[PDB]
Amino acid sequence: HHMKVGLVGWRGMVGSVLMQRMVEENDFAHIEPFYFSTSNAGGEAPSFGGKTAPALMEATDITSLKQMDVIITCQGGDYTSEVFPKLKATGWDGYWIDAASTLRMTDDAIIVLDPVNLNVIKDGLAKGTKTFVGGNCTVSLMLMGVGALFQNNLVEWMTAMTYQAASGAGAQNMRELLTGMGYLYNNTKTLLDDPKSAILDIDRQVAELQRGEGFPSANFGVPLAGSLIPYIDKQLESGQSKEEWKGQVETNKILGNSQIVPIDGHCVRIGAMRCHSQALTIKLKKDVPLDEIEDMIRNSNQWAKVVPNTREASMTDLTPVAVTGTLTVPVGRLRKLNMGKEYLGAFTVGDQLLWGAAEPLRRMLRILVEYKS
């Protein structure tokens, strides 16, 4: 028997990465797919993987959703907040796989990152857990790189200073970043085209352009091109942003920690398209040799990569350009810090749309397919 799988939000950015990866990995072979829509119900459905589906169904129609064995949704938090309580109220006993943060910290949900917590997932499947949620992008990308140190109970605490890409905010935010890049160059190029133009005149013009009404900043609120924004997501009473708050709660939940390992830091937006980078101060519980730390990372999963701590390798392999659109999670600059041999510095880069969004969801669907067979 093939499970009836309802796909929701498959047309948006994260859902589109999910569809591309599912096709690449032959994921449609053993499911019966049904496509849902919020603006095009009744229209022609895709036939991804060569599997035809009936006309698009209404994503908010509880009676249609209830006919599915699994719902995998990339539609987002407003959708889950509206639809999930009503679907569950019917007695529907199917599986819900969600990209959105809504359900992450609910008692009945597991946050999925199976290269790190396959055991947690499989235990939950057997115990009757029905709701599985992707983690926040920054947490998942960090654990894909240095999660082995946590799994071995080596970490006393960690601070994470992030360099987050525009894709985490959305497709319109990525387009705005690029448009702003063009705005700065195209309105300065008459100066740049003269090799002897004054750099201070060029610089004055960039600043005027960034501060002016013409700069396109509708989505981020303030300029990102040529700048950074040291605040991501909602303001909490403590002064932490919600993005920073996710670090401690989601990391410890993915790991299944009952006792919290403290995680904190600043989450900062920079002008990259879709790779998040993180600069980590990791306080270890004991003096672990650096070469053993490196081997733990290498052996943790096939996507983590240790980048030698050299100028050349760091510049070519430990950047958004090296990583973007790939499943590789490099970890570099690995070094014991000046305040003691128990202090480990690390710098890691990962693709936000893959391990940070779509990839845990398709792998969870595969785990469920194999479990149900």
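Note that residue numbering follows the sequence shown and begins at 1.
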Assert higher mean C-alpha B factor (63 to 71 or 316 to 324, deposited values) equals 63 to 71
Mean Cα B-factor check, 132 to 140 vs 159 to 167, entry values; winner is 132 to 140
One of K246, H266, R269, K86 has the largest Cα B-factor in the entry, namely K86
Comparing C-alpha B-factors across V307, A304, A29, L337 in this entry, the winner is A29
Tertile call for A225 (CA temperature factor, within chain, third-based) is the lowest
Of the three thirds of Cα B-factor ranks in this chain, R333 occupies the lowest
For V8, the third of its chain by CA B-factor is the lowest
By the entry's values, the third containing the CA B factor of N152 is the middle
The third of the chain into which the C-alpha temperature factor of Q278 falls is the lowest
